[PDB]
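To begin, one chain is listed below as structure tokens, in the form deposited in one PDB entry.
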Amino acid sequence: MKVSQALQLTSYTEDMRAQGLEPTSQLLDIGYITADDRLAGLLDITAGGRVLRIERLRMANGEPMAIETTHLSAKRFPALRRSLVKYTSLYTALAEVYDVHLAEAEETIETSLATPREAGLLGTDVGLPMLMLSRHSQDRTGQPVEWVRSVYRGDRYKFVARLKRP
């Protein structure tokens, strides 16, 4: 009953199409925040710099799957907030509006528990182990584009990696 998701630099939209599921989203919160030192470092901006934060509930065939909170430089992408009225895919929006294409990313996978609000939104018991992901992505020019923190349903996901030994 779990989606088996390959670990690769792909969008949620791409990932769900690969599963033969229909991706939809509910915009939970969107707006600008000021970067602290941590976030400024992750986005290569000056501390105090403005960050577009996008929080979305991602669904598959209508069922909650994940809550994603992505962070981008507002200075680099000042029309991106409005462009998400037009695009359902952030990665598509980046490519079409700004000709930005992701090339490399570091992803982390951890497990812990949801907040009460997250559990409510995902329709899971608050004691259910969840998959807490982060993704730090850079584009073809080597600039960091996004820093994402996410909560994926522990009862709906496993991730799969291919390993190679030289």
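Numbers for residues come from their place in the sequence shown, where the first is 1. Note that the rigid core is defined as the largest set of C-alphas that superpose within 1.5 Å between two forms.
Absent from the display: the form deposited in another entry. The rest refers to it.
> For residue 23, is the C-alpha shift between this form and the one not shown 2 Å or more after core superposition?
Yes.
> Using the core for the fit, does the CA position of residue 13 change by 2 Å or more between this form and the one not shown?
Moves: yes, 2 Å or greater.
> Given that the distance between the C-alpha atoms of residue 17 and residue 81 changes by 3 Å or more in that other deposited form, do they end up closer or farther than here?
More distant in that other deposited form, by 3 Å or more.
> Quick one: in that other deposited form, is the Cα gap between residue 160 and residue 14 smaller or bigger than here? Answer closer or farther; it shifts by 3 Å or more.
Closer together, which means the C-alphas of residue 160 and residue 14 are at least 3 Å nearer in that other deposited form.
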